[PDB]
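Participant: My structure is stored as protein_21.cif, with mmCIF, C-alpha atoms; chains and numbers go by the auth columns.
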data_structure
loop_
_atom_site.group_PDB
_atom_site.id
_atom_site.type_symbol
_atom_site.label_atom_id
_atom_site.label_comp_id
_atom_site.label_asym_id
_atom_site.label_seq_id
_atom_site.Cartn_x
_atom_site.Cartn_y
_atom_site.Cartn_z
_atom_site.B_iso_or_equiv
_atom_site.auth_seq_id
_atom_site.auth_asym_id
ATOM 1 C CA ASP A 1 -22.385 2.849 -11.727 0.00 2 K
ATOM 2 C CA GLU A 2 -23.543 0.810 -8.674 0.00 3 K
ATOM 3 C CA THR A 3 -20.083 -0.784 -8.806 0.00 4 K
ATOM 4 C CA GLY A 4 -18.266 0.202 -11.994 0.00 5 K
ATOM 5 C CA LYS A 5 -17.353 3.224 -14.149 0.00 6 K
ATOM 6 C CA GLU A 6 -16.774 6.370 -12.034 0.00 7 K
ATOM 7 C CA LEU A 7 -14.487 5.752 -9.058 0.00 8 K
ATOM 8 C CA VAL A 8 -13.228 7.958 -6.233 0.00 9 K
ATOM 9 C CA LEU A 9 -10.299 7.841 -3.827 0.00 10 K
ATOM 10 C CA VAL A 10 -11.312 8.412 -0.164 0.00 11 K
ATOM 11 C CA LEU A 11 -9.124 11.249 1.115 0.00 12 K
ATOM 12 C CA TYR A 12 -10.054 10.993 4.793 0.00 13 K
ATOM 13 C CA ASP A 13 -12.031 8.767 7.084 0.00 14 K
ATOM 14 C CA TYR A 14 -15.640 9.810 7.445 0.00 15 K
ATOM 15 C CA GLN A 15 -18.165 8.833 10.073 0.00 16 K
ATOM 16 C CA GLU A 16 -21.819 9.091 9.019 0.00 17 K
ATOM 17 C CA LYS A 17 -23.888 11.801 10.768 0.00 18 K
ATOM 18 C CA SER A 18 -27.334 11.763 9.092 0.00 19 K
ATOM 19 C CA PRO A 19 -29.549 8.799 8.188 0.00 20 K
ATOM 20 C CA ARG A 20 -28.704 9.508 4.526 0.00 21 K
ATOM 21 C CA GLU A 21 -24.931 9.243 5.063 0.00 22 K
ATOM 22 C CA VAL A 22 -22.447 6.394 4.958 0.00 23 K
ATOM 23 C CA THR A 23 -19.092 5.800 6.660 0.00 24 K
ATOM 24 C CA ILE A 24 -15.941 5.535 4.552 0.00 25 K
ATOM 25 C CA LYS A 25 -12.309 4.552 5.184 0.00 26 K
ATOM 26 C CA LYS A 26 -9.387 6.667 3.988 0.00 27 K
ATOM 27 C CA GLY A 27 -7.562 5.103 1.072 0.00 28 K
ATOM 28 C CA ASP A 28 -10.598 3.224 -0.304 0.00 29 K
ATOM 29 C CA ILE A 29 -11.448 3.285 -4.040 0.00 30 K
ATOM 30 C CA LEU A 30 -15.230 3.444 -4.418 0.00 31 K
ATOM 31 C CA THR A 31 -17.944 3.787 -7.050 0.00 32 K
ATOM 32 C CA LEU A 32 -19.123 7.381 -7.494 0.00 33 K
ATOM 33 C CA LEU A 33 -22.887 7.177 -7.973 0.00 34 K
ATOM 34 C CA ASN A 34 -23.788 10.872 -8.134 0.00 35 K
ATOM 35 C CA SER A 35 -21.554 13.922 -8.163 0.00 36 K
ATOM 36 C CA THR A 36 -24.154 16.542 -9.110 0.00 37 K
ATOM 37 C CA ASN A 37 -24.243 18.251 -5.712 0.00 38 K
ATOM 38 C CA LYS A 38 -21.175 20.397 -5.049 0.00 39 K
ATOM 39 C CA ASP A 39 -20.731 19.394 -1.401 0.00 40 K
ATOM 40 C CA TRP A 40 -22.364 15.960 -1.154 0.00 41 K
ATOM 41 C CA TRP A 41 -21.689 12.959 -3.384 0.00 42 K
ATOM 42 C CA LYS A 42 -23.346 9.568 -3.336 0.00 43 K
ATOM 43 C CA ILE A 43 -20.996 6.592 -3.360 0.00 44 K
ATOM 44 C CA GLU A 44 -21.081 2.885 -2.783 0.00 45 K
ATOM 45 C CA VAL A 45 -19.185 1.139 0.026 0.00 46 K
ATOM 46 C CA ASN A 46 -19.665 -2.532 0.736 0.00 47 K
ATOM 47 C CA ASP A 47 -23.418 -3.129 0.397 0.00 48 K
ATOM 48 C CA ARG A 48 -24.324 0.494 1.026 0.00 49 K
ATOM 49 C CA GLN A 49 -25.082 3.597 -0.972 0.00 50 K
ATOM 50 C CA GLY A 50 -25.222 7.026 0.593 0.00 51 K
ATOM 51 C CA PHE A 51 -23.680 10.440 0.850 0.00 52 K
ATOM 52 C CA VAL A 52 -20.369 11.647 2.279 0.00 53 K
ATOM 53 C CA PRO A 53 -18.435 14.897 1.807 0.00 54 K
ATOM 54 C CA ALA A 54 -17.272 15.676 -1.703 0.00 55 K
ATOM 55 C CA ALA A 55 -14.122 17.233 -0.253 0.00 56 K
ATOM 56 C CA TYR A 56 -13.303 13.836 1.338 0.00 57 K
ATOM 57 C CA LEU A 57 -13.093 12.109 -2.042 0.00 58 K
ATOM 58 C CA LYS A 58 -10.964 12.590 -5.111 0.00 59 K
ATOM 59 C CA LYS A 59 -12.455 11.719 -8.493 0.00 60 K
ATOM 60 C CA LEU A 60 -10.318 9.164 -10.346 0.00 61 K
ATOM 61 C CA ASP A 61 -10.083 10.033 -14.022 0.00 62 K
#
Using structure tokens, write down the structure that the file contains.

Facilitator:
Amino acid sequence: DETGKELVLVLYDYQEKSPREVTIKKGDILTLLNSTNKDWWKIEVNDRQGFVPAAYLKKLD
């Protein structure tokens, strides 16, 4: 994790809305840190970790 193993493809741009969210760019390949919640997954982008919509990411496997 925390940069390595499970990766995800960002399907659409996403602008953070809550203090626990992060902003992601469409077309980015990022580390999937936690996919236990159906609607909200934690990922890493740059030097940040936070949630974004699960539907806005595709799991790469």

Participant: Residues proximal to (-10.9, 15.9, -5.5) were defined as those with any atom within 10 Å of that point in the file's coordinates, counting all atoms listed in the file. Which are they, as a list in words?

Facilitator: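 Within the cut-off we find residues 9, 10, 11, 12, 55, 56, 57, 58, 59, 60 and 61 of chain K.
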
Participant: From the set K:35, K:2, K:42, K:62, which residue has the shortest atom-to-atom contact distance to residue 23 of chain K, counting all atoms listed in the file?

Facilitator: K:42

Participant: Carefully work through the PyMOL selection byres ((chain K and resi 53) around 8) for this structure and note down the residues it includes, as JSON, numbers by chain.

Facilitator: {"K": [15, 17, 22, 23, 24, 25, 41, 42, 43, 44, 51, 52, 54, 55, 57]}

Participant: Give as a PDB file with C-alpha atoms, in the frame of the given file every residue, naming chains and numbers as the document does, that has an atom within 12 Å of (-20.6, 0.0, -10.1), counting only C-alpha atoms.

Facilitator:
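Final output, selection.pdb:
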ATOM      1  CA  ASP K   2     -22.385   2.849 -11.727  1.00  0.00           C
ATOM      2  CA  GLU K   3     -23.543   0.810  -8.674  1.00  0.00           C
ATOM      3  CA  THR K   4     -20.083  -0.784  -8.806  1.00  0.00           C
ATOM      4  CA  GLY K   5     -18.266   0.202 -11.994  1.00  0.00           C
ATOM      5  CA  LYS K   6     -17.353   3.224 -14.149  1.00  0.00           C
ATOM      6  CA  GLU K   7     -16.774   6.370 -12.034  1.00  0.00           C
ATOM      7  CA  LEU K   8     -14.487   5.752  -9.058  1.00  0.00           C
ATOM      8  CA  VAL K   9     -13.228   7.958  -6.233  1.00  0.00           C
ATOM      9  CA  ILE K  30     -11.448   3.285  -4.040  1.00  0.00           C
ATOM     10  CA  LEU K  31     -15.230   3.444  -4.418  1.00  0.00           C
ATOM     11  CA  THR K  32     -17.944   3.787  -7.050  1.00  0.00           C
ATOM     12  CA  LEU K  33     -19.123   7.381  -7.494  1.00  0.00           C
ATOM     13  CA  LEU K  34     -22.887   7.177  -7.973  1.00  0.00           C
ATOM     14  CA  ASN K  35     -23.788  10.872  -8.134  1.00  0.00           C
ATOM     15  CA  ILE K  44     -20.996   6.592  -3.360  1.00  0.00           C
ATOM     16  CA  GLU K  45     -21.081   2.885  -2.783  1.00  0.00           C
ATOM     17  CA  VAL K  46     -19.185   1.139   0.026  1.00  0.00           C
ATOM     18  CA  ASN K  47     -19.665  -2.532   0.736  1.00  0.00           C
ATOM     19  CA  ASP K  48     -23.418  -3.129   0.397  1.00  0.00           C
ATOM     20  CA  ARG K  49     -24.324   0.494   1.026  1.00  0.00           C
ATOM     21  CA  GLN K  50     -25.082   3.597  -0.972  1.00  0.00           C
TER      22      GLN K  50
END
